[PDB]
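We begin with a single chain expressed as structure tokens, specifically the form deposited in one PDB entry.
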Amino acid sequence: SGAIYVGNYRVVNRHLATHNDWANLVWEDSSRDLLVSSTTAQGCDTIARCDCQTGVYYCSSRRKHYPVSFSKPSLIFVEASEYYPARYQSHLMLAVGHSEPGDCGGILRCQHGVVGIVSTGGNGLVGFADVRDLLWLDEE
């Protein structure tokens, strides 16, 4: 589990969204596994605005932050997981690393802020849903 809290936005994995998320929807995209809902309280996370390919992600199933290199956001074929069939997922970045279903929502961060959240795992790869292209999270 995990979310990003920026401005009056809450960013979560679409497969972990709550009724309150859907009842306060801003934007959602199944192909990216992302959903954004509106918040009453201001959040303090900064979204990275950059093309970094190195950062650190949180792996809840190891209670550890791991430094990783990660790929550019792309359309990646993902094997079946407990929450999606095998499919193409968009805006996805991969690294070599550990990722269980419970690790979804862990933050990937670089020197510029939050890059994305854990979304996929298996075959010794961890996939992160990028948020750096969602420039509107920074305003309004």
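Position 1 is the first residue in the sequence shown; the rest follow in order. Shifts are known only where both forms have a C-alpha. Rigid core: the largest C-alpha set superposing within 1.5 Å between the two forms.
K.L.:
Quick one: say whether 86-94 or 106-114 has the higher mean Cα B-factor in the deposited entry.
P.N.:
Comparing 86-94 with 106-114, the higher mean C-alpha B-factor belongs to 86-94.
K.L.:
For the C-alpha atoms alone, is the average B factor greater in 76-84 or in 44-52, going by the entry?
P.N.:
The recorded data point to 76-84.
K.L.:
Kindly indicate the residue among 126, 12, 129, 25 with the greatest C-alpha B-factor in the PDB record.
P.N.:
Answer, based on the entry's C-alpha B-factors: 25.
K.L.:
Lowest, middle or highest third: which one holds residue 39 when the chain's residues are ordered by CA B-factor from the entry?
P.N.:
As the PDB entry reports it, the C-alpha B-factor of residue 39 lands in the highest third of its chain.
K.L.:
Mind checking which third residue 100 falls in for C-alpha B-factor across the chain?
P.N.:
Its C-alpha B-factor belongs to the highest third of this chain's values.
A second form of this protein, the form solved in complex with a small molecule, is not displayed here; the remarks below concern that form.
K.L.:
Can any non-hydrogen atom of residue 101 be found within 4.5 angstroms of the small molecule in the deposited complex?
P.N.:
Heavy-atom contact with the small molecule at 4.5 Å: present for residue 101.
K.L.:
Does any part of residue 87 reach within 4.5 Å of the small molecule in the deposited complex? Heavy atoms only, please.
P.N.:
Yes, contact at 4.5 Å.
K.L.:
Would you indicate which listed residue, out of 56, 96, 80, 50, moves its Cα by 2 Å or more between this form and the one not shown relative to the superposed core?
P.N.:
The answer here is 80.
K.L.:
Give me the residue ranges between this form and the one not shown where at least 3 consecutive Cα atoms each move 2 Å or more, fitting on the core only.
P.N.:
CA shift run, sole hit: 79-86.
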